[PDB]
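Form solved without Ciglitazone (LO4), single chain, as structure tokens, below.
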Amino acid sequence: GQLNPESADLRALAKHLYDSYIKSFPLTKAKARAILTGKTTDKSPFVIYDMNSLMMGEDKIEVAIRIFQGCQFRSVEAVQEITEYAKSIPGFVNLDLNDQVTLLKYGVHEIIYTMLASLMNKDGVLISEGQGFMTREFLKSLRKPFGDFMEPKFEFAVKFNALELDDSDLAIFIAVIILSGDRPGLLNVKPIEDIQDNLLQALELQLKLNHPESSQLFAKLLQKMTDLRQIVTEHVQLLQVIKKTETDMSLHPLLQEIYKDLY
């Protein structure tokens, strides 16, 4: 590596994306980690870890289809923020509009799961705008099919969070996800790969500068896209599990509202 005009341009791109990311996403990874590690004394979340504490937290808060309808509605803001971020990626708004929509309609789910990992640690997930913390084992204990909804996302998040990415890293990673030339139905793949090539160069440099501890972090991070893609693909099978579940699927109303905060 040398400090030359192209490397400076890649640093300017990384900065541009970081600044846009801060402007687009009010809830950053740093803010979420500060809550999770016990430093946002302004907002100490209530811990929901069993049915008893679930009822004690009442003031702070088909069934499964209604959950999905509700979490999709609550994710509209995230979709809008991700779309606003995408407009800042140099070259993106010059693409064929159909390709912009295609890139976003596939990319937003992978990006939402990436951002969900910031809200998670091995014990649980922030909910209710950081005012609450829902434990992983309590979610896992819930009757089928609900108890299986979130555990694969926790498994992913622990592995993903072990990379110790910060918001500057994530800004470039999210842009790389958006500019994926492999999305089905794309009309003009080459201009998308031209931008992604630039973003990948910027990510590779960002990770080398920012993570001296982690020699193949670029490759490990790109491999995390396989897990993101698996989780997204599986959501179609959650829908089939629900159709075929002959059992009772009632769920405490407050648990229904907590699930609407998830994805």
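In this text, residue numbers run from 1 along the sequence as written. The term rigid core refers to the most C-alpha atoms you can superpose between the two forms while keeping them within 1.5 Å.
In what follows, reference is made to the form deposited with Ciglitazone (LO4) bound, a form of this protein that is not presented.
Engineer: Taking Ciglitazone (LO4) in the bound PDB entry and overlaying it onto this form via the surrounding C-alphas, would you call the pocket open or blocked, using 3+ ligand atoms within 2.4 Å of backbone or C-beta atoms as the cut?
Structural biologist: Answer blocked: 3 or more ligand atoms come within 2.4 Å of backbone or C-beta.
Engineer: Is there any non-hydrogen atom of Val125 lying within 4.5 Å of Ciglitazone (LO4) in the bound PDB entry?
Structural biologist: Because a heavy atom of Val125 falls inside 4.5 Å of Ciglitazone (LO4) in the bound PDB entry, the answer is yes.
Engineer: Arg66: heavy atom within 4.5 Å of Ciglitazone (LO4) in the bound PDB entry?
Structural biologist: Taking the distances in the bound PDB entry, the answer for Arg66 is yes, it comes within 4.5 Å of Ciglitazone (LO4).
Engineer: Even though the partner isn't displayed, in the bound PDB entry is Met150 close enough to Ciglitazone (LO4), meaning a heavy atom within 4.5 Å?
Structural biologist: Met150: yes, in contact with Ciglitazone (LO4) in the bound PDB entry.
Engineer: So, in the bound PDB entry, is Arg74 in contact with Ciglitazone (LO4) at a 4.5 angstroms heavy atom limit?
Structural biologist: Yes, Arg74 sits close enough to Ciglitazone (LO4) in the bound PDB entry that at least one of its heavy atoms falls within 4.5 Å.
Engineer: Superpose on the rigid core and name the single residue from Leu142, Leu104, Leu186, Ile112 whose Cα moves by 2 angstroms or more between this form and the one not shown.
Structural biologist: The residue that shifts is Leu142.
Engineer: So that I can tell if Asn94 moves, could you say whether its C-alpha shifts by at least 2 Å between this form and the one not shown after the core superposition?
Structural biologist: The answer is no; the displacement is under 2 Å.
Engineer: When the two forms are laid on each other by their rigid core, does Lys43 show a Cα shift of 2 Å or more between this form and the one not shown?
Structural biologist: Yes: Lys43 shifts by at least 2 Å between this form and the one not shown.
Engineer: Quick check: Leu163 between this form and the one not shown - does its CA shift reach 2 Å or more after fitting the rigid core?
Structural biologist: Shift at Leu163: below 2 Å after core fit.
Engineer: Just say closer or farther for the C-alpha distance from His109 to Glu257 in the bound PDB entry, relative to the shown form; it changes by 3 Å or more.
Structural biologist: It is closer: the C-alpha separation of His109 and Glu257 falls by at least 3 Å in the bound PDB entry.
Engineer: Are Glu257 and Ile174 closer or farther apart at their Cα atoms in the bound PDB entry than shown, with the shift being 3 Å or more?
Structural biologist: Nearer in the bound PDB entry, by 3 Å or more.
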